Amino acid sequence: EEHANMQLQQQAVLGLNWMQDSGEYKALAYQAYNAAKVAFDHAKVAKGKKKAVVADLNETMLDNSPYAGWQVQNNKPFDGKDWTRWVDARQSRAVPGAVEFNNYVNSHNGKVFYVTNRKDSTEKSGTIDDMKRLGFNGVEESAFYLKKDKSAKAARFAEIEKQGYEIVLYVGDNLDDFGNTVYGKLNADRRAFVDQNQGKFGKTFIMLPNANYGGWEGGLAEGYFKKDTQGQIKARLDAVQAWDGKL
């Protein structure tokens, strides 16, 4: 139903306004990247290791909010085929602070590797073109670990380590950017992971804000991503914790 598609996408509007328009969102991005630089400068690695930083791309270093805007305007639930066209459109923006941090790491005895679920086979060319245009240094193909057969990222982290790197910090907007332990899990387990790692945030796990999509969306209900539009609407509304209006 077009009506359901409309309601589902309307639910994203206020968070999208916040991400696209607010100074507060920018401040959170700068806060993250300022903290990331401190962590990078402090980091020491094992003898014989090279210093690596692992960075997510979407909503961490690259800003895809215009795709979300298109979803709102056209009542379009997420579809990977539309996403591929968005990537090919080569209109990605940079998250504030990301280029400066990236280029600083790469010029100060580190290497940023991009571990991202943009698709290696169909989305790599647009990604690399946009990143060059946006001012990122170090965007030769070998810096990229785009999605091949698995959305979970831990195996790609391991590939980087096998190449003689020690990963000194991770940057992401999704907890699945820090490992696999809550991949595909519901939000209670994901909150628990965060509590179990409280001291790492702003140090070795650097968070960017994303109120629009992610593992937390699937985390709203068992089988969320396989539900139809009406089911996803219901899952979102059922997750709401509300005051009963009483004292």
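Residue indices: 1-based, along the sequence shown.
When the C-alpha B-factors of 107 to 115 and 72 to 80 are averaged, 72 to 80 comes out higher. Relative to one another, 209 to 217 and 43 to 51 have unequal mean CA B-factors, and 43 to 51 is the one with the higher figure. Across 172, 138, 97, 164, the entry's maximum B-factor at the CA atom is seen for 164. Annotation for residue 239: CA B-factor lies in the highest third of the chain's modelled residues.
In the PDB entry, a CA B factor belonging to the lowest third of its chain's modelled residues is recorded for residue 176.
Annotation for residue 63: CA B-factor lies in the middle third of the chain's modelled residues. Residue 23 sits in the lowest third of its chain by CA B factor, as recorded in the PDB entry.
Compared with the other modelled residues of the chain, the Cα B-factor recorded for residue 91 ranks in the middle third.
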